[PDB]
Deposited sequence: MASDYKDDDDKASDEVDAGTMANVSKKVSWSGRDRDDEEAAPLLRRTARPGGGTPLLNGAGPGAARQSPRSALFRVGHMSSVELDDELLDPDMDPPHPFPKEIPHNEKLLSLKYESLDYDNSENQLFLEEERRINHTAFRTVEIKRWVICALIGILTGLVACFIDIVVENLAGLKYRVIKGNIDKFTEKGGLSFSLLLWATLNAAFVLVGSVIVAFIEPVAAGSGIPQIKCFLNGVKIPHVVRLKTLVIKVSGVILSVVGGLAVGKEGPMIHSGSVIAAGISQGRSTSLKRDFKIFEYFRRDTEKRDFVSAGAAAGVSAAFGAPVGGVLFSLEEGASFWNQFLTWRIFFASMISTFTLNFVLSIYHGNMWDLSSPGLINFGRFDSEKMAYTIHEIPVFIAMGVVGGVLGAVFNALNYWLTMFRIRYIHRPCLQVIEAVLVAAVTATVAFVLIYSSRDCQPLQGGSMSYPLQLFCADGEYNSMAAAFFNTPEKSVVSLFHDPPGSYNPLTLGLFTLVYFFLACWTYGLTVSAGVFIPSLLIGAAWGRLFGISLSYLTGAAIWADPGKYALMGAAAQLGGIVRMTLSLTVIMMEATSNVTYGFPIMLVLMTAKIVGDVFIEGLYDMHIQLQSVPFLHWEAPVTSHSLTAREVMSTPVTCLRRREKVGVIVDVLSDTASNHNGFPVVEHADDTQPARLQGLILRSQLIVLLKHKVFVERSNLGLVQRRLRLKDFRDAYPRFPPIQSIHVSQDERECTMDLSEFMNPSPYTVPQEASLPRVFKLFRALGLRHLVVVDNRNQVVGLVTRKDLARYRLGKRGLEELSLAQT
């Protein structure tokens, strides 16, 4: 794992080009960023529209075929053969969607939220923003939602928008050998991390209909200095993506004048009279946050021990395709078993089923366990919300909730592309609704005991107990419900669920980051670590170069095979810092004492190794002056600076190599991400 070099060099070639660009009148590299942020938002909204349309048509076809087969063998009596169809139809879509993740690109597995959360921190997962990853993740999340797994499709929209963002901003393909002569200025890691931040915000905004929650998501992960123009561009892209999704889906729904679907999930309207809360049920919400904190801890611990089994045993690509197919057949079978043995029936209440399956009901009514399945989980989240009381049976809703918990915990580390927000919101709104049935039983039909109000708090509690998002998730929940007064009980519930969750276990997104062993700087230094200085956490025998260094020892430092370093201060008073990629581009063009920033950005993705460049014996005795190619003002800390002081220069102004100096300006020690996340 390598870091991205987000801090610019500001060398002589940087200063010479920024003078050349501000001599051509009406300097235009700033308007290009606005064009790119608009295109990022438009394309993220279009990919969300493509996923939504394809998933609803293919799921419509599959459930229509399965419904037509249950209806045929109902009174004839061959319902064993109709379990075999739905087990096979789930297994066939999950087979195709798990081969393309396990055999072609395994970084597409799961949601890409830990990987983009690691990219905005500053490590590069190796294939995270390639075009092949985008294609596989979009086709795989479609094939895994159609394959019937206990998953969602909103989580993978963050990674898709970030890949689009890193793709169109470069003006190159890099997989197709296309060099468009259009931008060429944005091919550094500063611009890329800024645009991927914009694309991740656009992905959140398309997923939930929450643009400001997407902006706050991008500001939490990627916790930098305040940049007014970047936050304004990110907000611009986020609004563009919400509007583009809504506008193309309203054309497809046949109206175009009702901009009514801003996200991929739409919580509805909470301005009702039954939806109002009072101050006396604030500790009821605190108790629900306690319950959501302890169930998310059980969810995370059972998934930790399930992930630990799989890394040691189910880790061959053919062996993890077979696991996903079996989970698909078992979800089909457990759904059919709960549907078959269910007894409550129910008539239509205005499109509340959309595949009304009469199995054994009384010819005007329909099987209501079959309506908990056979729906999208989004429609089930919206229907546990907003329904009038008496709409659910406590036995069947309680038995659906218990089963879906283990099905969604057992479907998270599978080798498919898949989200976990919508399973968490469905688990929480289900036991949130059941808490409302008991409240409406123990107090009579009181107006404040509306069970659709408690599904919201329960969904917030379970989503906060599994993944411990507080500030962005409160704004997402408050912005999807269109009610600003709900953010006070929602934020109390999310505080309580984070505290009660963090006492037990780490949290689902951080836990897989920790199991994949990436460095991953946190928000602050650890609490019992204020007594350390910089001289404890630093790398003390620093390998250095000089301003006028001989060439035969530059190639000797870069060829060591035990000390794979990428940052070299050039000195022994500190004069600056040079990178490994720059000083390989210096040796390729033979820049000796025996280049105008186009060349240091020409070979920019995947710089060549030192075992690809041939220096003759006569050229190992000449000199390479590094004085105009080095970063002349690197960031330094004194040797006595405390660890919270050096943690916050590193994380905020996102650094790669931090030099520790004496009071003689003598280089003693070097600080990077590994030296500074191991405490």
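Positions of the deposited sequence absent from the coordinates, in order: 1 to 113, 685 to 692, 716 to 725, 811 to 825.
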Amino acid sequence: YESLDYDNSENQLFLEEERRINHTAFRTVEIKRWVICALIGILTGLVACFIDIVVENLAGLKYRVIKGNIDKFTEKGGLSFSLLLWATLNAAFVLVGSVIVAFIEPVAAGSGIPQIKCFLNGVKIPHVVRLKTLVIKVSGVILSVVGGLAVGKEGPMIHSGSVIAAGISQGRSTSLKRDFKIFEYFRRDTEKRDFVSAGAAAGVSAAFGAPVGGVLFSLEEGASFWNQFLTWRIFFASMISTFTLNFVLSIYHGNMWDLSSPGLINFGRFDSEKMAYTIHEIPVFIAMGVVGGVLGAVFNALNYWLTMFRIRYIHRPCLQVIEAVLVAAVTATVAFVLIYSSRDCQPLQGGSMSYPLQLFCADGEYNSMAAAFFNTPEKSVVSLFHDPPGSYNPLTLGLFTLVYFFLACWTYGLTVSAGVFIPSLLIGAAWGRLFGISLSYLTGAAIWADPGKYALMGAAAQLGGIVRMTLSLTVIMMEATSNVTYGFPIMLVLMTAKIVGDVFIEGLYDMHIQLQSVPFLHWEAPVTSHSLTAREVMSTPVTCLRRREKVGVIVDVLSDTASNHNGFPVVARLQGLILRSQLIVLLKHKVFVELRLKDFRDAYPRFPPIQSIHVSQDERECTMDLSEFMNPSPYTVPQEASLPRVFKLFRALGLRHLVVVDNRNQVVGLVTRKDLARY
From here on, numbers count along this sequence of modelled residues.
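Basically, rigid core = biggest C-alpha set you can superpose within 1.5 Å across the two forms.
Greater C-alpha displacement in 4 other deposited structures of this protein (rigid core superposition, RMS over structures and residues), of 224 to 232 versus 348 to 356: 348 to 356. Each structure in 4 other deposited structures of this protein is fitted to the shown form on the rigid core, and of 45 to 53 and 27 to 35 the C-alphas lie farther away on average for 27 to 35. In the comparison with other entries of the same protein, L595 is left without coordinates in at least one third of those covering both sides of it. Missing-residue comparison: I613 falls in the unmodelled set for a third or more of the other PDB entries checked.
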